[PDB]
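Report on the structure given below.
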Ligand SMILES: O=c1[nH]c(=O)c2nn[nH]c2[nH]1
Ligand SMILES: O=c1[nH]c(=O)c2nn[nH]c2[nH]1
Ligand SMILES: O=c1[nH]c(=O)c2nn[nH]c2[nH]1
Ligand SMILES: O=c1[nH]c(=O)c2nn[nH]c2[nH]1
Ligand code: NA
Ligand code: NA
Ligand code: NA
Ligand code: NA
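Residue numbers (my numbering), protein chains in the order written: chain A, 1 to 295; chain B, 1 to 295; chain C, 1 to 295; chain D, 1 to 295.
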């Protein structure tokens, strides 16, 4: 037997950082969960019990805190690139670092119409994520994403004209509820190294904001022919607005809300045009994916 | 042996209702999870296998949907009171109904600064809840609550002057992070029945809004001497603003964020006045409760 | 306003303890999650920002570890009683301690038919719990429980003869699946103090074992007329076997498995006597409770 | 823009099947959660709103139930292969099916030392999984796995001789707790189609049993030099015992249990050789992966 692939490191490292403005007294907080996995010439730790090649995962944890102390943690694309680069440069035998960051929302509170200087609220479990792969001699690959964005529209979704055979019971519809949890990922063109990532720093927050805005607007305004057709419209627009993105991937559950026939009870009308009360279904769910690139 | 207490019913009944305005085209959605448990002269189902006294839990589920079809579902205090009253009036041998409702957020989307007519976003997992106990001959007891409201302040929290003995290692502090998930419950004076609940309908949404606003403002503005002292200030204000509340209960975790000493690494300064990077702790947590009433 | 009730302390304190037998080399591990909440003359911490009355929750955490170091941690009824008693005796102004312990399973591994001296497996998320309330001058109240015991029987459950009215759609059945997650609690007679708890130490593990065995056997062997009737049989037997128990409470979900009519597809027969494939329902669920005491 | 990749289908389809032995009266239950995603010539549903190419996800759900009705559901490798093959053969334009199955434990109850004919217990949240990829003209790729197997050993784990630099604070140790949740996957050689999968049916359950046994025995008996070294020993043995496996992948968290220094309290000794009480850490955790193949 032989080691075909190996990676190891520290997961679930929770980090908070506060920035305090000297002049204004305004404080800004960042909170993330970080995972760092390393690859390189480490096979002998597995095959020969040779720990001399292991950078302890506890040390990786220390490094994350030290790096956060000495560098900005925003945008997360930059922080992940700094962190991954550190490992490949510091350790001769480590040749790849894989950094995953989940950013948690701490939104500044408005009290009496004024933004508060040091108080924050978690408005939703929506996350902003990055995956940064730093590979020695191959540059820096970054995938940025948003996840946990849960939306619902109560009309202006349709689904008809699908294949019908002996396995089909679903009725065609011209008016249904559409609800989903949005997972959207945009993959950046490969960067040559940290200097190039630094050169594009303003584009990261701007592209996240664009991706979010395009997702919300398209969802709200499309008279949707299917999840497939609506998601494609979203991806098309993001690619058009940021030339440094190579691909956009969406993964969308279709969280079903079923009509409830109440006609057995005193002829009560609650289906089709009379539908007011629905039963949300926890499972099963549709799951629709697509990756869109440039032609 | 004897049955000392018994209750039974249906839990986790998910319900969605849409209201469609005829003139404006604006749609409004409500989504809740409902539990209904009944009590009454039902001992023989347990002791003698006599099912004749059982209103099937499946029928309770049907009743929830039918009731939602025929009545407003907002405010939840009213809907719960209608639902509980139904069971005690419909069935001679049922003498108490216990209705718990969790309301999920579907907040109307703003697209290009305009509120969208039929698109919604789940902004946070904060819930608005009610517990309604309808007891034949004893009226209607309602407890209203908000839960899952997660906040953090990065300064203006202190904790010093506590008891110090041979079990104590905690250092006094004049500047710490305070973060919590707010669970706040206000208990209404007993209502004589459904007519009286109807008479107070406008107070329910107003008091929820007040409780939320008082919680947020007090948290943000108090230079907190402890969780205990800040929570008491919140409860005091709610009681002052709504005379029909008898008690206010708060239950607050203290979600710790620990300083990280980095001085072992090149004398890096990250404690006290130099603290920038902290380690959020998943567990353990402080848990502080109090119930405040009128003197 | 006035403080009507207050309690505070530390939740989610994870504790592991190992016992090493000197002669045999056999090791035994215990892992628990502990919560301790205190009450007493502490109102002024809430109303006057007087921290002098607060035993810091961090100190409560230290005390749990110290107590576990110096005392057996099994049975949990004894450990909880020691822990609660400590607080009321050590601090003049603390008059009640409320201790909740969840015990996690670490079952010794069998390797090649022999029990291993120091290796363990988590066989299921079933827990053994205690709630111990130590109240100065009122002794020690203990509630013991098991929870998270998930079972299913595929036949020998019936449900017919229930009330049928205009809200009822459920069909009577003489053969259904019954599946539940068992939550069973037995409440001990009040103990005068720690000496009395010590005197009954062997009864705690024995009664837990009995409660578990009675639950499993009754579930498996009863030709169940309803969840109500089967649960009552369980409680009756536990009360008969342990005279120091005052009440037994069961709380049982009815986790539904629905038939799937496949007759639309080539007349395939999958209902009633031909039912083989079912759809487990995540929600809603029945919820049936009862408390049984001595007549 | 162009569709680069697309797949869609139904997730979280819960399925239960019962087998009833005619002669013996013994019943056996199976419960699984199934996901099926399809690929093929479906781009136009995304780009042109052409639903004619969509097999509705609701129909995929129906197909799963029908397939379970007409075929054995065990071993899951066979059921997944039947299910995936159905889609590529039935629909001309569907060219790949991806089937994921999670099998839930329902272990027959022993009552009074005898196996019960129709009563079952969920003994642990350990799962047995398969991933089956059926690709038209490329055969059937199967990855089998076990997950959620949680173990702990209280001694006979060491970790010393790792790299030490200015980022390192971890002390070397010759005696520590090792606890993990095992995720192990074995990848089968490609099969040409369903006939070949059928020919190997007995090997599937046998190899699962072997993988489980090797994991448990190696974990219990290895005087572990690191997670890396122990996991490699496991994988080596599985590959040696089943020639039809090409690779074995392990993914293991290192769930830390920290010593608690209690010496500040009356010189209490609880570290090194005197360590009895430990603090389990919820996060962060080490994460160690490796894929082992044939040389
Ligand atoms: O938008 C949808 N896409 C689909 O593929 C599908 N299948 N069933 N319902 C559906 N809705
Ligand atoms: O606000 C606090 N209240 C308390 O009771 C406490 N105990 N430790 N830290 C604390 N902080
Ligand atoms: O055992 C049962 N008890 C009940 O109260 C009930 N109601 N619906 N189905 C049921 N099954
Ligand atoms: O077994 C281990 N492997 C590692 O890579 C490691 N790093 N810190 N502790 C560790 N333990
Ligand atoms: Na390197
Ligand atoms: Na009544
Ligand atoms: Na006392
Ligand atoms: Na095909």
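All C-beta atoms in this analysis are idealised placements derived from N, C-alpha and C, irrespective of residue type, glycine included.
- Within the chosen limit of 7 angstroms, ligand 3 does not reach the beta carbon of residue 278 (chain C) with any heavy atom.
- In the structure shown, the three-state DSSP call for residue 94 (chain B) is strand.
- Residue 61 (chain A) reaches chain D at 284, counting residues in chain order whose Cβ is nearer than 8 angstroms.
- Taking the Cβ of residue 6 (chain D) as the reference point, every heavy atom of ligand 1 lies at 7 angstroms or farther away.
- Among the bridge pairs identified by DSSP, residue 270 (chain C) is matched with none.
- If you look at residue 107 (chain D), you'll find it in the beta strand (DSSP E) that goes 107 to 111.
- Checking the 7 angstroms criterion, the Cβ of residue 41 (chain C) is out of range of every heavy atom belonging to ligand 7.
- Contact annotation: residue 47 (chain B) and residue 62 (chain C) have beta-carbon atoms that are not nearer than 8 angstroms.
- Going by DSSP, residue 164 (chain D) is part of no beta strand (DSSP E) at all; its letter is neither H nor E.
- Remark: the shortest separation between the CB of residue 98 (chain C) and any heavy atom of ligand 7 does not fall under 7 angstroms.
- When DSSP states are grouped into helix, strand and coil, residue 51 (chain C) belongs to the helix group.
- For residue 268 (chain B), the residues of chain A that pass the 9 angstroms Cβ criterion are 66, 69, 70, in the order they occur in the chain.
- A heavy atom of ligand 6 is found nearer than 7 angstroms to the CB of residue 92 (chain B).
- Counted as a single uninterrupted DSSP element, the stretch harbouring residue 66 (chain D) is not any beta strand (DSSP E) but the alpha helix (DSSP H) occupying residues 57 to 70.
- Cβ-Cβ distances below 6 angstroms link residue 132 (chain C) to 80, 81, 84, 99, 142 in the same chain, with the five nearest sequence neighbours on each side left out; the list follows chain order.
- With its beta carbon at least 8 angstroms from every one in chain D, residue 288 (chain C) lies outside the interface.
- Where residue 142 (chain B) is concerned, the enclosing beta strand (DSSP E) starts and stops at 139 to 153.
- For the pair residue 257 (chain D) and residue 153 (chain D), the Cα-to-Cα distance works out to about 11 angstroms.
- For residue 284 (chain D), the secondary structure class from DSSP, reduced to helix, strand or coil, is coil.
- Residues of chain C with a Cβ closer than 7 angstroms to the Cβ of residue 279 (chain B) do not exist, since the nearest Cβ in that chain sits about 15 angstroms away.
- In the DSSP assignment, residue 181 (chain B) forms a beta bridge with B:150.
- Identification of chain A residues near residue 55 (chain D) by a Cβ-Cβ cut-off of 7 angstroms yields 163, ordered along the chain.
- Contact between the stretch 135 to 149 of chain D and the stretch 189 to 202 of chain D is present, with at least three C-beta pairs closer than 8 angstroms.
- Leaving aside the five residues that flank residue 51 (chain C) on each side, the residues in its chain whose CB is nearer than 7 angstroms to its CB run, in chain order, 45.
- When DSSP states are grouped into helix, strand and coil, residue 215 (chain A) belongs to the helix group.
- According to the DSSP secondary-structure assignment, residue 278 (chain C) is paired through a beta bridge with C:259, D:16.
- For residue 264 (chain A), a Cβ of chain C is located within less than 8 angstroms of the residue's own Cβ.
- Burial check for residue 223 (chain B): the Cβ neighbour count within 10 Å stays below 16, so the residue is exposed.
- Nearest to residue 32 (chain D) by alpha-carbon distance, out of D:41, D:17, D:90, D:22, is D:17.
- Along the stretch 151 to 179 of chain D, the positions whose C-beta sits under 9 angstroms from a C-beta of chain B are 166, 167, 169, read in chain order.
- Look at residue 89 (chain B) here: in three-state DSSP terms it is helix.
- In this chain, residue 241 (chain B) is not harboured by any beta strand (DSSP E); it is covered by the alpha helix (DSSP H) spanning 227 to 241.
- Each residue's CA atom was taken as its position, placing residue 229 (chain D) and residue 157 (chain D) some 11 angstroms apart.
- At a cut-off of 8 angstroms, the C-beta of residue 52 (chain A) has a neighbouring C-beta in chain D.
- Among the residues of the stretch 6 to 26 of chain D, those with a Cβ less than 7 angstroms away from any Cβ of chain C are 14, 15, 16, 17, 18, in the order of the chain.
- In chain order, 159 place their CB closer than 7 angstroms to the CB of residue 226 (chain B), counting only its own chain and leaving out the 5 sequence neighbours on each side.
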